[PDB]
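Here is the structure we will look at, set down as structure tokens.
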Amino acid sequence: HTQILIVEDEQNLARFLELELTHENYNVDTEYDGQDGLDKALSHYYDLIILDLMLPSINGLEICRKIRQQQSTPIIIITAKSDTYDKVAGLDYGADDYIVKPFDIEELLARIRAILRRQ
């Protein structure tokens with residue numbers, strides 16, 4: 001059973017993502033703080049981690065780099081706002097995909113599938 005960690009401080013969006021991913025037979029853990037999210041990722045192996053760029057305590061870009069120092073775990077960054085520099089930084093720091101809002105859940109789910117195929 002595939003395990004996903006969501007690190008998202010916007011509780012409405014965190015809840016939407018959890019519900020939609022659970023409906024696809026994913027087991028989902030959620031953290032609402034950037035440091036709790038980093039701590040959780042480093043203490044348990046997930047199949048894929050979704051990070052919001054804009055997180056409290058430590059932002060998603062910096063969480064991504066710290067995870068990737070220690071693990072090969074797939075990472076997707078999602079964000080409300082971002083230009084090409086932000087995207088390039090996120091992918092260069094270890095993200096496997098980088099998605100700007102608004103996005104349709106069907107695209108997120110397909111990109112998860114595409115990443116997990118190769119694991």
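Scheme for the structure tokens: letters A, B, ... for chains in order shown; per-chain residue numbers from 1; ligand numbers from 1 in order shown.
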Fill in: Close residues, segment 94-96 of chain A itself excluded, 7 Å, only C-alpha atoms, min 2 positions apart in chain, as number ranges by chain
A: 64-65, 68, 74-77, 90-92, 98
Worksheet item: When DSSP works through the backbone of this structure, what residues of chain A end up as strand (DSSP E or B), shown as a list in words?
Response: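 Assigned to strand (DSSP E or B), within chain A: residues 3, 4, 5, 6, 7, 27, 28, 29, 30, 31, 48, 49, 50, 51, 52, 75, 76, 77, 78, 79, 97, 98, 99 and 100 of chain A.
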Discussion item. Just the number, please: distance in Å from atom CA of residue 36 of chain A to atom CA of residue 18 of chain A, one decimal.
Written reply: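 About the pair atom CA of residue 36 of chain A and atom CA of residue 18 of chain A: they are 17.2 Å apart.
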Practice prompt. Please provide as an NGL selection string all residues within 12 Å of residue 116 of chain A, with the sequence filter that same-chain residues fewer than 2 positions apart are discarded (counting only C-alpha atoms).
Written response: :A and (2-4 or 46-49 or 73-76 or 96-97 or 109-114 or 118-119)
Dump N, CA and C atoms for the selected residues as an mmCIF file, in the first residue's frame?
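After the write, result-v3.cif holds the following:
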data_model
loop_
_atom_site.group_PDB
_atom_site.id
_atom_site.type_symbol
_atom_site.label_atom_id
_atom_site.label_comp_id
_atom_site.auth_asym_id
_atom_site.auth_seq_id
_atom_site.Cartn_x
_atom_site.Cartn_y
_atom_site.Cartn_z
ATOM 1 N N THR A 2 0.767 2.047 -1.078
ATOM 2 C CA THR A 2 1.675 3.173 -1.284
ATOM 3 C C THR A 2 1.414 4.293 -0.277
ATOM 4 N N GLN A 3 2.493 4.832 0.301
ATOM 5 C CA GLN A 3 2.409 5.792 1.401
ATOM 6 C C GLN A 3 2.886 7.158 0.930
ATOM 7 N N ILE A 4 2.055 8.177 1.133
ATOM 8 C CA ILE A 4 2.371 9.537 0.728
ATOM 9 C C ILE A 4 2.367 10.431 1.957
ATOM 10 N N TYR A 46 8.586 7.186 3.034
ATOM 11 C CA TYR A 46 7.404 7.296 2.194
ATOM 12 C C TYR A 46 7.753 6.904 0.769
ATOM 13 N N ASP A 47 6.723 6.569 -0.006
ATOM 14 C CA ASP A 47 6.925 6.365 -1.427
ATOM 15 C C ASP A 47 6.999 7.688 -2.191
ATOM 16 N N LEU A 48 6.338 8.744 -1.701
ATOM 17 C CA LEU A 48 6.402 10.050 -2.339
ATOM 18 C C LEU A 48 5.966 11.087 -1.318
ATOM 19 N N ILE A 49 6.574 12.273 -1.414
ATOM 20 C CA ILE A 49 6.362 13.375 -0.494
ATOM 21 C C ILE A 49 5.931 14.575 -1.314
ATOM 22 N N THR A 73 13.860 9.479 -1.894
ATOM 23 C CA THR A 73 12.405 9.539 -1.925
ATOM 24 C C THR A 73 11.876 10.545 -2.932
ATOM 25 N N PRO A 74 10.928 10.169 -3.793
ATOM 26 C CA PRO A 74 10.346 11.139 -4.724
ATOM 27 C C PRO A 74 9.656 12.297 -4.020
ATOM 28 N N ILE A 75 9.824 13.490 -4.588
ATOM 29 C CA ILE A 75 9.286 14.722 -4.020
ATOM 30 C C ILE A 75 8.589 15.508 -5.115
ATOM 31 N N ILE A 76 7.388 16.005 -4.823
ATOM 32 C CA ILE A 76 6.692 16.978 -5.656
ATOM 33 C C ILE A 76 6.514 18.241 -4.835
ATOM 34 N N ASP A 96 11.185 15.992 -8.069
ATOM 35 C CA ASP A 96 10.873 15.266 -9.304
ATOM 36 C C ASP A 96 9.820 15.956 -10.149
ATOM 37 N N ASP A 97 8.989 16.787 -9.553
ATOM 38 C CA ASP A 97 8.041 17.609 -10.281
ATOM 39 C C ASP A 97 7.754 18.845 -9.444
ATOM 40 N N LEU A 109 -2.483 13.436 -9.888
ATOM 41 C CA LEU A 109 -2.508 11.988 -9.734
ATOM 42 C C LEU A 109 -1.729 11.295 -10.857
ATOM 43 N N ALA A 110 -1.825 11.814 -12.089
ATOM 44 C CA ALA A 110 -1.088 11.241 -13.216
ATOM 45 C C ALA A 110 0.411 11.447 -13.059
ATOM 46 N N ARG A 111 0.824 12.587 -12.508
ATOM 47 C CA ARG A 111 2.242 12.833 -12.322
ATOM 48 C C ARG A 111 2.808 11.975 -11.195
ATOM 49 N N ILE A 112 2.003 11.721 -10.169
ATOM 50 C CA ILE A 112 2.391 10.750 -9.149
ATOM 51 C C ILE A 112 2.588 9.384 -9.786
ATOM 52 N N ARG A 113 1.615 8.953 -10.587
ATOM 53 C CA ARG A 113 1.731 7.662 -11.259
ATOM 54 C C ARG A 113 3.009 7.589 -12.077
ATOM 55 N N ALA A 114 3.315 8.652 -12.835
ATOM 56 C CA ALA A 114 4.464 8.642 -13.734
ATOM 57 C C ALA A 114 5.761 8.503 -12.958
ATOM 58 N N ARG A 118 8.618 4.276 -12.046
ATOM 59 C CA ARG A 118 10.045 4.010 -12.167
ATOM 60 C C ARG A 118 10.691 3.597 -10.857
ATOM 61 N N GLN A 119 9.913 3.499 -9.792
ATOM 62 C CA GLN A 119 10.437 3.095 -8.504
ATOM 63 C C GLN A 119 10.257 1.597 -8.337
#
Discussion item. What's around residue 63 of chain A at 10 Å? Count only C-alpha atoms, leave out sequence neighbours fewer than 6 positions away in its own chain, and write the answer as a PyMOL selection string.
Written reply: chain A and resi 7+34-35+37-39+41+51-53+55+93
Item to complete: Calculate how many Å separate atom CA of residue 33 of chain A from atom CA of residue 58 of chain A, rounding to one decimal.
Response: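 Rounded to one decimal, the two atoms are 8.0 Å apart.
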Fill in: Between atom CA of residue 79 of chain A and atom CA of residue 8 of chain A - distance in Å to one decimal
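Answer for the atom CA of residue 8 of chain A to atom CA of residue 79 of chain A separation: 10.0 Å.
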Item to complete: Give the helix (DSSP H, G or I) residues of chain A, as DSSP finds them on the backbone, and put them as a PyMOL selection string.
Response: chain A and resi 11-23+34-43+60-70+84-92+105-117
Item to complete: With a distance cut-off of 12 Å and only C-alpha atoms, select the neighbouring residues of residue 22 of chain A, excluding the residue or stretch itself and same-chain residues fewer than 2 positions from it, and output the selection as a list in words.
Response: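 So, after excluding close chain neighbours, the residues are residues 1, 2, 3, 4, 5, 6, 14, 15, 16, 17, 18, 19, 20, 24, 25, 26, 27, 28, 29, 30 and 109 of chain A.
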For the selection you just gave me, I'd like the residues written to a file as a CSV table (one decimal), in the first residue's frame, keeping C-alpha atoms.
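See result-v4.csv below for the written result:
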chain,number,residue,atom,x,y,z
A,1,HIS,CA,0.0,0.0,0.0
A,2,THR,CA,1.7,3.2,-1.3
A,3,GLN,CA,2.4,5.8,1.4
A,4,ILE,CA,2.4,9.5,0.7
A,5,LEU,CA,3.4,12.4,3.0
A,6,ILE,CA,1.7,15.7,2.5
A,14,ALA,CA,-4.3,19.6,2.9
A,15,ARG,CA,-7.7,18.1,3.5
A,16,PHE,CA,-8.6,18.1,-0.2
A,17,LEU,CA,-5.4,16.4,-1.2
A,18,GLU,CA,-5.7,13.8,1.6
A,19,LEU,CA,-9.3,12.9,0.6
A,20,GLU,CA,-8.5,12.7,-3.2
A,24,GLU,CA,-7.0,6.4,-5.0
A,25,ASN,CA,-5.9,3.8,-2.4
A,26,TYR,CA,-2.9,5.8,-1.1
A,27,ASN,CA,-2.2,5.9,2.6
A,28,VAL,CA,-1.6,9.5,3.5
A,29,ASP,CA,0.1,11.2,6.4
A,30,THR,CA,-0.2,15.0,6.8
A,109,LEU,CA,-2.5,12.0,-9.7
Practice prompt. Between A:88, A:108, A:59, A:42, single out the one closest to residue 72 of chain A, counting only C-alpha atoms.
Written response: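 Using only C-alpha atoms, the shortest distance to residue 72 of chain A belongs to A:42.
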Item to complete: Rank nothing, just name the residue among A:66, A:87, A:9, A:40 nearest to residue 54 of chain A, using only C-alpha atoms.
Response: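 That would be A:9, the residue with the smallest distance to residue 54 of chain A.
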